[PDB]
Amino acid sequence: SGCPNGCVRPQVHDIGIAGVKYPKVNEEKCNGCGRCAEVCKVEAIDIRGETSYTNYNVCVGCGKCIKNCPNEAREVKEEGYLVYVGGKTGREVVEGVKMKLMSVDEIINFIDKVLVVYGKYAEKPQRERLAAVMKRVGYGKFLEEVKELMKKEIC
Amino acid sequence: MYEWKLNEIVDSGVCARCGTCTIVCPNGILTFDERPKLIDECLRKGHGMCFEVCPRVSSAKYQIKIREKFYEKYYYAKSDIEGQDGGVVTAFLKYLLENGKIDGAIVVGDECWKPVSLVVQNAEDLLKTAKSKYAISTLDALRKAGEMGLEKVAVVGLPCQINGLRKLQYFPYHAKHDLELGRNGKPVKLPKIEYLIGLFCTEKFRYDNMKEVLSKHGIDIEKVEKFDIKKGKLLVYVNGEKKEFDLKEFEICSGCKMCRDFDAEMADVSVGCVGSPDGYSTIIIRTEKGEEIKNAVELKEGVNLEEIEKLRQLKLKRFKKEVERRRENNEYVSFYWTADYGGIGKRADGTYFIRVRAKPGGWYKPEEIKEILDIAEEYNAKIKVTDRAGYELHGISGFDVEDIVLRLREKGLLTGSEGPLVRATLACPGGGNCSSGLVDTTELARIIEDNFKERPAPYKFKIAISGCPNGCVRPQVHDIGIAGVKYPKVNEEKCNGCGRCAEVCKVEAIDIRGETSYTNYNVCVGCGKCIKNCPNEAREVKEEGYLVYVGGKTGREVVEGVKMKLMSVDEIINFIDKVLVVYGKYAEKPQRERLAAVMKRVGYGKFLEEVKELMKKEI
Amino acid sequence: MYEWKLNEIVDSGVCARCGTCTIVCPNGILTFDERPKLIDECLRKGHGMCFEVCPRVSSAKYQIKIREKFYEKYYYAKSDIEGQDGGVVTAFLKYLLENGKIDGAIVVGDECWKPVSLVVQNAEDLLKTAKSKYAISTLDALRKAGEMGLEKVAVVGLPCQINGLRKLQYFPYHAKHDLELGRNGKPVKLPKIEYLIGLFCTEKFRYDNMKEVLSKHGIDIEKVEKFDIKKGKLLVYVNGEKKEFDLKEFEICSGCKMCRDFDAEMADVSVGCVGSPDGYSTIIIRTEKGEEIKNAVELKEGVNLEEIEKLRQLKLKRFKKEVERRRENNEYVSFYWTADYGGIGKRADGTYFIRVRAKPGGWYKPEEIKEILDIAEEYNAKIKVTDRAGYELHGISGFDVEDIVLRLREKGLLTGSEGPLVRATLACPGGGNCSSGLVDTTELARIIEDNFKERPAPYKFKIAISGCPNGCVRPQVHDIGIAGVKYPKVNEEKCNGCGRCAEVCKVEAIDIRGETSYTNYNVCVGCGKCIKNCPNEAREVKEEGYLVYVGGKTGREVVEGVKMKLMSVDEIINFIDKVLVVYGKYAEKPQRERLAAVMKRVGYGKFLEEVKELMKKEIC
Ligand code: SRM
Ligand code: SRM
Ligand SMILES: Cc1cc2nc3c(=O)[nH]c(=O)nc-3n(C[C@H](O)[C@H](O)[C@H](O)COP(=O)(O)OP(=O)(O)OC[C@H]3O[C@@H](n4cnc5c(N)ncnc54)[C@H](O)[C@@H]3O)c2cc1C
Ligand SMILES: Cc1cc2nc3c(=O)[nH]c(=O)nc-3n(C[C@H](O)[C@H](O)[C@H](O)COP(=O)(O)OP(=O)(O)OC[C@H]3O[C@@H](n4cnc5c(N)ncnc54)[C@H](O)[C@@H]3O)c2cc1C
Ligand code: SF4
Ligand code: SF4
Ligand code: SF4
Ligand code: SF4
Ligand code: SF4
Ligand code: SF4
Ligand code: SF4
Ligand code: SF4
Ligand code: SF4
Ligand code: SF4
Ligand code: SF4
Ligand code: SF4
Ligand code: SF4
Ligand code: SF4
Ligand SMILES: O=S([O-])[O-]
Ligand SMILES: O=S([O-])[O-]
Ligand SMILES: [Ca+2]
Ligand SMILES: [Ca+2]
Ligand SMILES: [Ca+2]
Ligand SMILES: [Cl-]
Ligand SMILES: [Cl-]
Ligand SMILES: [Cl-]
């Protein structure tokens with residue numbers, strides 16, 4: 001997905017990627033015009049007097065408030081590709097776990113390692129999806145092995 | 001030089017000079033005489049409500065029309081009141097005030113023929129405003145009515161003014177948020193616009209230009225008794241004499257050349273001169289509010305429909321000529337009319353994309369795909385396929401959007417599945433196509449499309465039909481999800497414990513024990529594979545049909561829909577309709593609240609209880 | 001008139017006249033000379049951070065102390081600088097300014113002995129403030145330092161002022177929200193208080209009262225060279241003579257009679273006169289910031305601890321006398337000291353409830369329950385049992401809260417499991433008690449309680465230990481959940497397909513086929529019933545241990561914890577500690593963000609990979 005609107009459903013895919021751009025407010029430029037709160041679909045912004053704030057427990061990193069600020073008071077706090085793992089749909093819905101921001105090389109390494117650990121622990125081909133194998137061995141055990149194999153990668 | 005986003009619309013000359021942008025400002029820092037003007041610095045630099053209500057930024061006609069569901073009833077009439085023609089507009093306003101239908105009337109008066117926006121609460125004061133002012137008018141009195149605290153008002157306006165006021169009424173559906181808050185944290189004070197009376201319109205002029213041109217011909221504007229526009233000529237009645245002037249002698253406002261609306265097509269009732277005899281006014285009723293004019297005047301049938309259509313075409317030809325002239329001279333063009341159609345979006349590079357509403361089941365005829373291919377090659381547009389099995393043409397110029405939509409419409413390819421309405425229904429091949437299909441999905445998708453396609457809703461509404469419990473089109477995360485199911489029961493006389501059924505069960509719900517088999521109904525998803533693949537026909541259908549889910553969604557957050565029950569096709573159609581009615585009744589924030597959010601806020605029990613009550617009343 | 005919530009504290013005379021409430025106002029509508037005053041209408045009617053920082057509304061000492069982890073190191077010293085005693089406070093401030101430890105010093109100067117709060121950025125200007133002003137002082141210069149844009153400052157204050165400033169430092173932990181926003185939508189501009197230097201204190205007086213009492217004795221307050229308090233008398237040095245006055249001659253501030261803090265127990269370093277020779281200052285170092293005093297003055301051991309404790313007891317006796325007097329005369333009392341203890345809450349009717357931190361496994365000795373029963377009958381309090389297997393005594397008067405807490409403490413019944421800290425660990429009977437128990441839960445709960453009981457965190461933190469996968473204590477919706485698991489494997493040589501194991505499986509994960517049995521590991525929860533109940537011993541242990549979950553929560557919203565892996569007891573203790581460290585590092589909103597919210601915001605992968613990195617680094 002190019003942004004957090006998840007048009008291609010990154011949260012219910014074996015591996016989901018979503019573009020994110022989190023904001024930070026520059027108090028010297030912000031004047032409390034109130035425009036950013038209008039472009040926020042999740043309503044994560046608070047306009048108070050001559051400034052603005054962001055609730056980071058609600059903010060999804062759509063970056064609309066940075067793009068649409070007429071005074072350029074909103075800057076990029078964090079940016080990149082947010083990754084999810086273990087999502088699935090079909091007979092049952094399983095929400096993928098939010099991992100972290102990853103570089104393209106990290107994403108390729110991560111996809112490869114997840115497939116290696118998935119293949120190593122899968123017991124029932126054509127029945128067990130990644131989510132089922134992750135749940136059975138444990139997300140912590142599964143993901144810590146994925147990380148160990150990622151560190152070993154030299155190509 | 002106070003920065004103001006709408007300056008591009010005003011400086012380019014695309015501005016209709018309607019004055020809608022200035023009456024909505026919650027800080028009152030905008031003024032309008034013959035053009036918009038900032039009297040103080042805007043902290044947003046005009047990035048607010050003024051830009052969002054502008055009918056020349058975006059018409060927003062598609063989203064307003066599907067909700068207003070305008071119709072056309074042609075009549076003509078005359079009243080005892082002396083007016084521009086039959087005095088119908090004044091007679092209707094007098095009736096609305098007398099019968100307590102409005103607290104006040106927003107009308108255009110004049111001082112030496114210089115227009116003045118007025119709030120009229122007395123029927124006797126209405127007569128002074130009963131004549132056409134061909135100089136630029138404002139909507140300023142609507143703001144005064146708000147400061148006064150008037151609850152309901154009727155507004156007379158030119159097509160451009162009606163368009164801006166319709167954008168104000170349906171603000172969240174196109175703006176995607178609520179009215180802008182001022183410095184005091186409150187939105188603008190405006191009365192509810194109960195009636196929108198539109199006038200037929202060909203053009204308007206600057207007051208000083210009219211006065212100057214009249215002065216050149218030895219006429220003092222202040223002495224003029226009446227004005228009129230007939231067959232491309234301005235009639236001036238002065239000192240008991242009639243003077244004819246060519247309209248080209250006066251300087252037409254640049255925005256009028258960029259206008260497509262002649263008869264004020266979005267008004268509750270439109271009043272004009274064309275198509276009716278002298279001394280009468282043509283009347284086009286389009287809504288139930290406009291119908292009230294039948295109590296104010298005696299309606300007569302026999303309107304000349306061809307004369308009205310000839311003017312519509314002349315105005316459209318003038319518009320096309322102006323748009324072509326701007327293109328050739330590299331002048332700024334705002335493609336505001338692109339919002340007259342569904343399935344239109346703006347790309348990051350400035351060009352447009354046209355979305356073809358996905359066909360039921362993702363099945364496309366060769367004739368249909370060939371048309372999309374021909375357009376793509378002709379306009380050098382990229383072809384995109386959507387995850388709802390729809391098509392999108394990318395890289396379309398604003399000059400070609402309308403031509404492509406109408407060309408696609410002729411071949412049955414309606415553009416849609418965009419905005420706060422029912423999106424394209426997603427169905428899998430299902431029964432008859434897929435070997436796992438248990439129910440028909442193509443005909444059910446066609447029935448749902450025929451009953452709800454492009455239906456307005458507080459926000460996007462997506463329906464998915466699956467042929468079996470594998471949910472390829474995700475019924476569990478759709479506003480309404482349908483899944484074919486076939487639950488098994490074992491016939492002990494025929495079952496011999498061969499063990500074949502347990503192998504075809506992906507969820508492993510079956511137990512093979514000795515000479516029989518069992519099913520764990522807490523695991524069984526009703527795929528019916530064990531019934532189909534039993535070599536001894538020992539498994540039979542226990543229960544069968546369409547399993548329904550409601551309140552699901554995806555996007556920014558995932559919400560799983562609630563499993564309802566098996567439903568018949570008629571029940572499904574009734575259910576979809578009633579879920580939309582209860583969703584619309586309880587939604588508070590259009591373009592932000594999905595069905596799941598409204599269901600969660602009012603409660604699933606309360607919401608679904610009402611859906612059932614409405615379903616029972618249908619029958 | 002203009003309504004102000006703190007008027008009850010001020011009008012009753014409980015007010016310490018510390019001036020903390022007025023410096024925090026983001027609208028600057030509060031001023032302080034000798035008592036708080038509104039110079040403009042407050043839209044909140046004083047329902048804001050002026051009331052929330054007040055040390056007389058609530059001390060908030062328990063939540064501040066568990067975070068500051070104060071200790072006590074006694075020393076005495078003298079410096080070259082001439083001061084009230086050894087001039088230690090000025091020598092320390094001079095050192096901090098000279099070595100760039102602070103941008104400025106918040107000190108009390110004077111004009112005719114009328115105290116003046118000052119911002120000092122130069123050492124030469126420090127000498128003018130090196131002397132005790134017994135008239136009411138303010139903290140006004142801290143607001144000036146903020147307007148100046150100073151980043152770090154050192155503040156000298158009386159115990160009451162230190163208490164209010166500690167409440168400002170730990171604002172979110174007791175206020176439950178962030179600093180109040182003014183009309184401009186911004187919080188008060190104040191510098192970071194890097195050092196809090198506390199003074200020993202017995203009392204303070206109104207300036208005009210001091211001046212009038214001295215004038216009546218023929219002494220011009222301007223002519224006075226120095227003041228001093230010793231042996232219940234006020235020494236006045238004027239014209240080369242020491243003129244003694246009884247402290248009763250002057251009118252002690254009513255708030256001083258309600259004071260319990262003599263040695264400024266919450267300061268980074270406390271400086272006083274008692275317990276050290278004349279010309280020296282007693283020094284009590286309590287934090288690593290206070291330790292920096294060793295570089296400013298030559299510390300000497302040999303402080304008379306008994307003299308300091310005598311003063312503490314005299315101040316506490318005076319406090320108890322004043323509280324009893326108010327009770328007998330039906331005067332208003334603010335039970336601000338109830339926040340010195342854990343497990344204290346205020347009921348809807350105005351009385352208090354005392355929460356006994358639940359004992360591990362919900363097991364209570366008869367002596368423990370009998371003590372709770374004796375207290376309930378003596379004070380006519382209602383006995384409540386909590387869903388974490390704790391006890392609560394309801395209907396306690398503010399006058400008896402402290403007595404009950406200390407009485408409970410003597411019998412080993414710690415009051416707690418309240419506030420932003422690690423709550424009582426919830427464990428089921430488990431192994432050895434419950435027939436479904438697979439692991440020991442009672443000893444694990446005791447180990448977790450010994451290592452993390454009442455540990456401060458950004459918000460409440462709850463741990464649950466289940467003996468088997470039935471999750472009686474809900475491990476899947478706890479910040480950290482532990483569940484005993486025992487997964488099976490079938491021995492085909494011993495299995496004969498009798499079918500007994502499928503009957504004991506609640507999840508129906510077993511398949512009986514001919515002369516053997518199978519297990520669906522996507523359904524199996526590891527209850528181990530099939531191993532235990534196999535009559536032919538055909539089922540063996542495949543995997544066994546403590547299954548761990550993290551990021552679970554209940555309350556306003558339900559959040560399911562993520563299944564990690566099997567962990568050893570040492571691994572569990574290391575994991576709980578690391579999760580708390582990473583939770584504290586990334587938490588932005590104390591008393592609002594639970595672990596699950598912080599994990600979701602930074603990402604589960606990023607959060608857990610840091611927990612793992614810190615776990616590998618652990619050597620103890
Ligand atoms: C084209 C498509 C992506 C694709 O590669 O296929 C798409 C494209 C856009 N989506 Fe979408 N969405 C598309 C299917 C989806 C789906 C999946 C579905 O509907 O089958 C989702 C999540 C599923 C759901 O919503 O139930 C989806 C979640 C969104 C959201 C988040 C809405 C929400 O409730 O969270 C937005 C923005 C908004 O509504 O605020 C959005 C908005 C958009 C817009 C129009 C952005 C915008 O606001 O202007 C994107 C147009 C870009 C473009 O060039 O097309 N799009 N979008 C899909 C069009 C299918 C169609 O023909 O209708
Ligand atoms: C006594 C008890 C209920 C009971 O009948 O047993 C209780 C009582 C209160 N809880 Fe609780 N909570 C109690 C267990 C819980 C639990 C379950 C648990 O801890 O096992 C939850 C949800 C589980 C969880 O939080 O993970 C719970 C969720 C809350 C919340 C909302 C928590 C959240 O993050 O959403 C608050 C208020 C807040 O935190 O803002 C709260 C706050 C309170 C307060 C202190 C109200 C307050 O904000 O001051 C209540 C004290 C009233 C009184 O008279 O005791 N209480 N509270 C439980 C004390 C157990 C103990 O000894 O520690
Ligand atoms: C600038 C202009 C151009 C027009 N062009 C055409 C045309 O090309 N073809 C056609 O058939 N009809 C046109 N009309 C409409 C026509 O002139 C009559 O106004 C209409 O038929 C109603 O007549 P009536 O006697 O029923 O109205 P009346 O009873 O006389 O009431 C007239 C109403 O018009 C309103 N009004 C007058 N001037 C303005 C203005 N500038 N802006 C907004 N409201 C105003 C007044 O407030 C009043 O309520 C035009 C009107 C205007 C104002
Ligand atoms: C009102 C009052 C009562 C006291 N009562 C006792 C007591 O009963 N027993 C006891 O042992 N010690 C008491 N002290 C502490 C004692 O007076 C000395 O201030 C302390 O020993 C430090 O002296 P010094 O020479 O080391 O500091 P110095 O080098 O003299 O520095 C003194 C510091 O105290 C600050 N200061 C002075 N007056 C005030 C004030 N009103 N509020 C806040 N800061 C102030 C100055 O700004 C300066 O930074 C009291 C102090 C005060 C102000
Ligand atoms: S749009 Fe920009 S200037 Fe306006 S309130 Fe938001 S961050 Fe501040
Ligand atoms: S980045 Fe998006 S979700 Fe976050 S505060 Fe800005 S507009 Fe809202
Ligand atoms: S305050 Fe709002 S409505 Fe007024 S000019 Fe500015 S952006 Fe436009
Ligand atoms: S077209 Fe109307 S709303 Fe738009 S800028 Fe012009 S006067 Fe304002
Ligand atoms: S021609 Fe169009 S822009 Fe001009 S006044 Fe008429 S409706 Fe408005
Ligand atoms: S949902 Fe079922 S019937 Fe439809 S395509 Fe998928 S497997 Fe086939
Ligand atoms: S495939 Fe048919 S006959 Fe064989 S065990 Fe299953 S239900 Fe019985
Ligand atoms: S209908 Fe499908 S899910 Fe149910 S027992 Fe048969 S094969 Fe399994
Ligand atoms: S504005 Fe806030 S800090 Fe100031 S007096 Fe009012 S409530 Fe207290
Ligand atoms: S004790 Fe201190 S913070 Fe409280 S009201 Fe008095 S001066 Fe203000
Ligand atoms: S005795 Fe000292 S610390 Fe206590 S209130 Fe009085 S001045 Fe403050
Ligand atoms: S979690 Fe298991 S061991 Fe503990 S009480 Fe419940 S059934 Fe018994
Ligand atoms: S109870 Fe033991 S012997 Fe019997 S079927 Fe189960 S594993 Fe085999
Ligand atoms: S360990 Fe428990 S859940 Fe697993 S197969 Fe045995 S009885 Fe069933
Ligand atoms: O436009 S997306 O919501 O289908
Ligand atoms: O008392 S509640 O916060 O556990
Ligand atoms: Ca006419
Ligand atoms: Ca089975
Ligand atoms: Ca002394
Ligand atoms: Cl808009
Ligand atoms: Cl228009
Ligand atoms: Cl205090």
Side-chain angles (χ1 to χ4, degrees), chain A residues 31-35 38 68 70, chain B residues 2-7 20-32 36-54 83-87 131-132 134 143 168 171 175 179-184 187-188 199-200 202 226-231 233-235 237 242 271-282, chain C residues 9 14-18 20 53-61 157-167 198 201 253 255-262 264-266 315 319 334 336-337 339-340:
Chain A
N31 59 10
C33 77
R35 175 53 178 172
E38 294 175 346
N68 293 287
Chain B
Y2 295 136
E3 285 164 86
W4 199 54
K5 188 174 189 195
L6 272 177
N7 278 331
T20 308
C21 51
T22 71
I23 60 128
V24 304
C25 182
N27 291 317
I29 60 165
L30 276 179
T31 199
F32 190 92
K37 169 169 136 154
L38 261 179
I39 58 158
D40 198 2
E41 182 214 2
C42 174
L43 301 175
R44 307 159 150 251
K45 302 193 206 296
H47 285 73
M49 222 187 139
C50 46
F51 183 87
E52 288 159 323
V53 296
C54 181
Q84 179 63 23
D85 294 294
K131 290 181 186 175
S132 286
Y134 297 93
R143 190 54 176 281
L168 172 60
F171 191 75
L179 306 176
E180 166 183 338
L181 302 184
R183 290 168 189 186
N184 65 347
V188 69
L199 303 171
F200 287 15
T202 46
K226 201 189 184 142
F227 277 102
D228 197 11
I229 291 187
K230 255 169 176 187
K231 283 175 282 208
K233 303 257 215 48
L234 177 79
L235 315 187
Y237 297 85
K242 169 177 99 174
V271 189
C273 183
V274 172
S276 67
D278 287 5
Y280 288 91
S281 297
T282 304
Chain C
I9 290 281
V14 171
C15 172
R17 298 153 173 278
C18 62
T20 308
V53 296
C54 180
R56 288 305 145 105
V57 163
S58 175
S59 75
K61 296 209 165 170
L158 305 176
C160 51
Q161 290 173 327
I162 297 294
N163 293 340
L165 291 181
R166 280 294 192 204
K167 273 190 89 173
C201 187
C253 290
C256 293
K257 290 161 94 209
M258 286 287 309
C259 197
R260 295 146 55 84
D261 202 339
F262 162 69
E265 65 184 45
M266 304 237 285
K315 189 157 191 180
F319 158 81
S334 185
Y336 72 89
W337 61 90
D340 288 19

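In what follows, chains carry the letters A, B, and so on, assigned in the order in which the sequence lines appear, proteins first and then strands, with residues in each chain numbered from 1. Order of listing sets the numbers, starting from 1, for every ligand and every atom in it.
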Between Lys5(B) (side chain only) and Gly48(B) (backbone N and O only), is there a donor and an acceptor less than 3.5 Å apart?
no
Is it the case that the side chain of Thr282(B) and the backbone of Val274(B) share a donor-acceptor pair, with hydrogens and angles ignored and the cut-off at 3.5 Å?
yes
Examine distances only and state if a side-chain atom of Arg44(B) and a backbone atom of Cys33(A) form a donor-acceptor pair shorter than 3.5 Å.
yes
Looking at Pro26(B), which atoms of ligand 7 are within less than 4.0 Å of one of its heavy atoms?
3 (S)
Please report the closest heavy-atom contact between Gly46(B) and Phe51(B), naming both atoms and the distance.
O-CB, 3.7 Å
What count do you get for protein N, O or S atoms closer to atom 6 (Fe) of ligand 7 than 2.8 Å?
1
Looking at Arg143(B) and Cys25(B), would you say the former's side chain and the latter's main chain have a donor-acceptor pair under 3.5 Å?
yes
Mind listing the closest non-hydrogen atom pair of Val24(B) and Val188(B) along with its distance?
O-CB, 3.4 Å
A quick test of your reading: do over 12 heavy atoms of other residues, nucleotides or ligands sit less than 6.0 Å from NZ of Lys45(B)?
yes
My understanding is that only one of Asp340(C), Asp261(C), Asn163(C) makes a side chain to side chain donor-acceptor pair (under 3.5 Å) with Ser59(C); could you say which?
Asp340(C)
Using a 6.0 Å cut-off, check whether atom NZ of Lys37(B) has over 12 heavy atoms from anything other than its own residue.
no
Determine yes or no for a side-chain-to-main-chain donor-acceptor pair under 3.5 angstrom, with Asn27(B) supplying the side chain and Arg183(B) the backbone.
yes
Measuring from the Ca ion (ligand 21), count protein N/O/S atoms under 3.0 Å, please.
3
